[PDB]
Structures are given as structure tokens and as C-alpha cells.
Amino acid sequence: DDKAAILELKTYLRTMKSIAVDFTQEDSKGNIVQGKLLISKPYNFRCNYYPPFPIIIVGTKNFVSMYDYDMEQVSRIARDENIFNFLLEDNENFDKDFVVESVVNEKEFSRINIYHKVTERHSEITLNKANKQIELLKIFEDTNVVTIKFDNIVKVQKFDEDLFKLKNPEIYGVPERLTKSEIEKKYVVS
């Protein structure tokens, strides 16, 4: 078995603890959106879609929530409806949580098909072997495929803590809306 794929995949999970990613997201429903994804393992992440895509997703150890500016709505995201679940996975937990369905290797790219043992959600991961980075992530939700393209990955040395907070808008008001430049102003690169 091409077990090296898990090794490479595991390596990424161990070394990408604190990153910011410029990404493009495409779906079967026609949406195309760009955004900034901040990951601060063990549990914290912020998916900051750029305008006009009115959604911010903030995940912490206690909660994973979504805010829709257009709907003025706060929601909670089930692990089965979290497309960023693999990126938070600890390597030690990989074998407990995922099973590799298949591996395909072409030139510098390696495509790994995996499935979550609990949520049974299938996903496809593209690995760039030259720089050992994830380039494409595909999530299969019944009749919809969500594709996340990793346009740029940078390591972060310190995050503004409030980037991983989503305060009750009913009490503390609407969360700050951040553009690409605005969000880059609130964390320090390595």
C-alpha cells in the first residue's frame, strides 16, 4: 500500500499549526468566492470570506459558528457541515478519525481520497510534493461538491485573539467585517 501518502498528509497536519491561507472556493451551486483562512491549532480558526460573500465562520474549542451579515443571522455548524474539519485534525488523531479510500499520484501532485469514520463525509486532498503543501481540497455533500483552492499559505507567528471570537450580536453588536487588507493588519507573519 502507498502508505507514504498518509505520511506526507500527516506531516502537513503536524507542521501547519498556525497559518493564513488565501483561498478560492467553488461549488456546484454556482458560488465562487475568495477569502482568508486563519488556522491556529489546536481548535481555533477563522474563515473570512471577502465581500460581497456575507459569511464569517469562527471556530474555537467550545464552538464552531457562522454569521451571515445579509441574514443578520448566527448559526452553528455541525462537524458534518464543516468543510474545514480536516485542516484542524491533529496528526495523532488522523488514524482514529479518517480512513484513506484511495491514492493517485501524477507528477508533483498526489490526490488522496479519505472518508470520516463518524460523519461518513468523503473528501479529496491534493498534495503538492515539491513544496509539500495542500493545493486543492474537495468536499462531497450528497449532490454538491465544494472545492477549496489554496492560493497562498503563510505561517503566522501571533494572531489577534479576537480573530477567533464571535460575540453575541444581540448584545455586543455586529462583528467587524474584514477585507483582505484589514484582516492582514491583525496578525503577524513569520
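Numbers follow the displayed sequence, beginning with 1.
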#### Entry: Entry-level comparison of average CA B-factors, 144 to 152 and 158 to 166, reporting the higher stretch
158 to 166
### Task
For the higher mean C-alpha B factor in the entry, choose 128 to 136 or 43 to 51.
128 to 136
### Task
Sorting the chain's modelled residues by C-alpha B-factor, tell me whether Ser181 ends up in the lowest, middle or highest third.
highest
### Task
Just say lowest, middle or highest third for the CA B-factor of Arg76 relative to the other modelled residues in its chain.
middle
## Note on the structure
Of the three thirds of the chain ranked by Cα temperature factor, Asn113 occupies the lowest
### Task
Place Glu101 in the lowest, middle or highest third of its chain's C-alpha B-factors, as listed in the PDB entry.
middle
